[PDB]
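Engineer: below you'll find the sequence and an experimental structure to go with it.
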Amino acid sequence: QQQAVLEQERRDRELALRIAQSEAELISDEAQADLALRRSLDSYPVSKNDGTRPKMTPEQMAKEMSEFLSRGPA
């Protein structure tokens with residue numbers, strides 16, 4: 001198991017050191033940008049499908065005022 005605990009230990013330190021030295025140096029911005037790009041699944045733009053377009057229809061203003069008047073005191 002030596003080879004295991006050995007390469008595992010040495011490696012562990014190496015990486016850990018890279019992340020510590022990198023994050024501490026804040027030079028490895030490429031990683032953040034990448035992970036951020038892959039993490040931003042919402043990369044795609046917005047898609048209208050609810051009808052939130054200008055012009056308040058009777059139903060809208062009605063739902064707003066109705067919901068407003070009906071709420072509570074303070």
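Structural biologist: All right, it came through fine. Numbering: from 1, shown residues only.

Engineer: now do the buried residues in stretch 9-26.
Structural biologist: residue 22 (16 or more other CB atoms under 10 Å). (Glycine included, C-beta is placed from N, CA and C.)

Engineer: for the protein, which segments count as helices?
Structural biologist: For the chain, the helices defined by DSSP state H occupy 2-25, 29-39, 58-69.

Engineer: mind putting those into CSV with distance to residue 52?
Structural biologist: CSV is the format used below for the helices of the chain (distance: least, CB to CB, whole Å):
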stretch, distance to residue 52
helix 2-25, 40
helix 29-39, 27
helix 58-69, 10
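
Engineer: looking at those helices, which is closest to residue 46?
Structural biologist: helix 29-39 (18.0 Å; CB to CB).

Engineer: with just CA atoms, put that closest one into PDB.
Structural biologist: C-alpha atoms of helix 29-39 as PDB (Å, rounded to 0.1, in the frame of the first residue of the first chain):
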ATOM      1  CA  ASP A  29      -8.600  33.300 -12.600                       C
ATOM      2  CA  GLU A  30      -8.900  30.900 -15.600                       C
ATOM      3  CA  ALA A  31     -10.300  28.200 -13.300                       C
ATOM      4  CA  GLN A  32     -12.900  30.400 -11.800                       C
ATOM      5  CA  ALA A  33     -14.000  31.700 -15.200                       C
ATOM      6  CA  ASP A  34     -14.300  28.200 -16.600                       C
ATOM      7  CA  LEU A  35     -16.200  26.600 -13.700                       C
ATOM      8  CA  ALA A  36     -18.300  29.700 -13.700                       C
ATOM      9  CA  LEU A  37     -19.100  29.300 -17.400                       C
ATOM     10  CA  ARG A  38     -20.000  25.600 -16.900                       C
ATOM     11  CA  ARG A  39     -21.800  26.400 -13.700                       C
END
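
Engineer: so what touches it?
Structural biologist: 22, 43 (CB atoms under 8 Å, 6 or more residues apart in numbering).

Engineer: angle of it against helix 2-25?
Structural biologist: Angle of helix 29-39 versus helix 2-25, following axes from the mean of the first three to the mean of the last three CA atoms, to 10 degrees, is 100 degrees.
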